[PDB]
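Residue numbers (the entry's author numbering), protein chains in the order written: chain GS, 2 to 153; chain D, 1 to 105; chain NV, 2 to 58; chain KU, 16 to 129. Beta carbons: idealized from backbone N, C-alpha and C, even for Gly. Structure first, then comments.
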RNA sequence: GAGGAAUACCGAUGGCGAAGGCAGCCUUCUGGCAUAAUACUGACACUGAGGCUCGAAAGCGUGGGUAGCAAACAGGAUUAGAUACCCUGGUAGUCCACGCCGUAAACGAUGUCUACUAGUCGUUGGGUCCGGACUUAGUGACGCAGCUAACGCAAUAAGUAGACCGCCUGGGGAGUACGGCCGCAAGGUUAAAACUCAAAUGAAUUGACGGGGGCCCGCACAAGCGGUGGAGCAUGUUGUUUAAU
């Protein structure tokens, strides 16, 4: 805002795993302020993947898929002499996680499973192995970032 | 591209509608990127201390993709107001079109 | 503008030396002078403006 | 052929790097317009970098190891090409700039009225 | 290998020339200038209507030459169109010889020649003294007095005066017509009137504006979340309809 670096708010960890990453994902899924609702979908999907894969640490599994999902290079719209060529830069660490979470939620929003918990569980399972629309979008971002690879 | 022709405090006639439509389609011939046109023909005063000379008004609010240009013209006669409004609108269309075309180089 | 890169010398520092020698020879200014034809009246105008600027320091 | 000369004909639009032998017999050549870069990307130091890699590695079959580069032109890709050639196993003997300059010879084209 | 043209660097509010102009290097022919001293002529001077000479570029005639560039021209783009700007080509011309042409914002928008009037700092060619000092002919940047509507000029005056010559007398019509003269031509030069309008101008001031510059701000954009625009209904307006809406 052509001004100072306004300080970011303090997120409160979710009650179950006590992880700020899961709290941030809960906020991402939540709409209309229904935090309890989003908590219940996020917990249902995480429990479903934990049971299906028989993994003791759902938060560690989620951290693994999140780190596997978040990109490394993005493309921005620069301007030199009224020209629009896309410049590949390195995503800032704060933006990496937000982009990954938003991609996961928006990819799980268009699955064929009955409930959003099931859709999110399926998307998490696919992203843990490197499939799904989240990986598709991340690879489509890397495709542009490497197919420019000439504007700094 | 829309064309609305409203009339405030005056009864817009078929002749007024033609006299605005013919010039609107003339500007829309050279510029094909117009989204909407709204022309208000008004009688904003009675000329009680100046004897007309600005008694009729013709204003055109046109909207293009990413910009909105408004012009107005006061005159004693509504047809002359319409023509002066149309000329200002044509000049502004030409100005925007040439700026956009010269932004590429 | 030839730079003879020596043994055990990185290509990076050798190219920095080559850039320094090309500036020393003023090669790219010579190339830029012939991009287009500059009319003698424009040449004299440019040189007199440069002379005024040089003398005002 | 062990000993060779790189010729980086850099230009504002395109950069052409060709490796020949001492007597100016071309071995391999690669440009930036024939590497997947067209228009705006062709006039970029990275395009000259990949053209230099393609040409140098394609001339390494002949067995050239010691190369002296000859840069010619004002193009952006006249240092990145040398860097790509050098950091590909080549041994740079010298880096000479040989772009032609007229001693007030032929008349230049008219100034662009953009 | 052929050919034509131009002469990078040096290069410089540098130099030379009456201006126009004149850049690789060498020779031949040749003009002016600057400088020291002595000797000499003894007013031989200044300016100058007409006249003559010279006079960029483009252009013209004849005969050559012809690389690059490039009017015209051809095509491709851009665009509503694009007889343009941009791109690819391209002939005249540009170059040479000999003749025309006689015009340019041919400008310092400042006629020539004299004398006199604070100063300061550069620079080019000399000269004389003790690395400096003085002096000369230029060529620049400042800056008093003075002048100027103001801008500004200010020993290279637009100051103070003098000699002679040229020119102006509102803006258009019009540097046009007609008539001469010149020119191969293009055209030049000399040069009106009727009519028309009450302004047209210069410098400067305050704004406003700029596809001028610099700096900054606002959910202005960017980064996001949610909508409007599609459906049905509520509501207001246009329009239409009505006796009135």
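When 7 Å is used as the limit between beta carbons, residue 24(NV) is near no residue of chain KU, the shortest such separation being about 11 Å.
Of all residues in the stretch 113-128 of chain KU, those with a C-beta nearer than 7 Å to a C-beta of chain NV are 114, 116, 117, 122, 123, 124, 125, 126, 127, reading in chain order. Excluding residues up to 5 positions away in sequence, 18, 20 lie with their Cβ nearer than 7 Å to the Cβ of residue 37(KU) in the same chain.
By the rule that beta-carbons nearer than 7 Å mark a contact, residue 27(KU) does not touch chain GS. For residue 98(KU), the nearest beta carbon of chain GS is not closer than 7 Å to its own beta carbon. Using a Cβ-Cβ cut-off of 7 Å, residue 107(KU) is close to 6, 12, 15 of chain NV, given in chain order. In the three-state reduction of the DSSP assignment, residue 4(D) falls in the strand class. Within 10 angstroms of the beta-carbon of residue 73(GS) lie fewer than 16 other beta-carbons, which makes it exposed. Using beta-carbon distances, residue 56(KU) counts as an interface residue toward chain GS, with a partner under 7 Å.
A Cβ of chain NV is located within less than 7 Å of the beta carbon of residue 111(KU). Where residue 22(KU) is concerned, the enclosing beta strand (DSSP E) starts and stops at 18-25. Counting along the chain, residue 134(GS) sits inside the alpha helix (DSSP H) bounded by residues 133-149. The beta carbon of residue 94(GS) sits closer than 6 Å to none of the beta carbons in its chain outside the five residues before and after it. Under the three-state reduction of DSSP, residue 100(D) is assigned to helix.
The alpha-carbon separation between residue 9(GS) and residue 25(GS) amounts to approximately 13 Å. Per DSSP, residue 12(GS) is not a residue of any alpha helix (DSSP H), being assigned neither H nor E. In terms of CA proximity to residue 45(KU), 62(KU) leads the group 56(KU), 54(KU), 62(KU). Going by C-alpha positions, residue 142(GS) is about 19 Å away from residue 56(KU). Residue pairing by DSSP places residue 111(KU) opposite 85(KU) in a beta bridge. The closest CA to that of residue 145(GS), considering only 130(GS), 51(GS), 77(GS), is found on 77(GS).
With respect to the 7 Å criterion, residue 57(D) and residue 74(D) are classified as neighbours on the basis of their beta carbons. Of the other Cβ atoms in all chains shown, fewer than 16 fall within 10 Å of the Cβ of residue 125(KU); this residue is therefore exposed. Identification of residues in the stretch 142-153 of chain GS having a C-beta nearer than 7 Å to some C-beta of chain KU yields 150, 151, given in sequence order. Rounded to the nearest angstrom, the gap between the Cα atoms of residue 67(GS) and residue 95(D) is 51 Å. At a cut-off of 7 Å, the C-beta of residue 50(NV) has no neighbouring C-beta in chain KU. Interface criterion not met: the Cβ of residue 46(KU) is under 7 Å from no Cβ in chain GS. If you ignore the 5 residues before and after residue 86(D), its C-beta comes within less than 7 Å of the C-beta of 23, all in its own chain and listed in chain order. Taking the Cα of residue 12(GS) as reference, the smallest distance to any Cα among 29(GS), 5(GS), 4(GS) is reached at 29(GS).
Close CB contacts of residue 95(KU) within its chain, under the 8 Å cut and outside five residues either way in sequence, are with 60, 61, 63, 64, 67 (chain order).
Residue environment analysis places residue 15(D) among the exposed positions, since fewer than 16 neighbouring C-beta atoms fall within 10 angstroms of its C-beta. Note on geometry: alpha-carbon atoms of residue 20(GS) and residue 149(GS) lie some 37 Å from one another.
A straight line joining the alpha-carbon of residue 114(KU) with that of residue 26(D) spans about 56 Å. Two segments are said to touch when three or more pairs of C-beta atoms, one from each, lie closer than 8 Å; by this definition the stretch 42-55 of chain D touches the stretch 1-12 of chain D. In summary, residue 42(GS) is buried, with 16 or more beta-carbon neighbours lying within 10 Å of its beta-carbon over all protein chains present. Taking a 10 Å sphere around the C-beta of residue 56(GS), we find fewer than 16 other C-beta atoms and assign the residue as exposed. For the pair residue 121(GS) and residue 109(GS), the Cα-to-Cα distance works out to about 5 Å.
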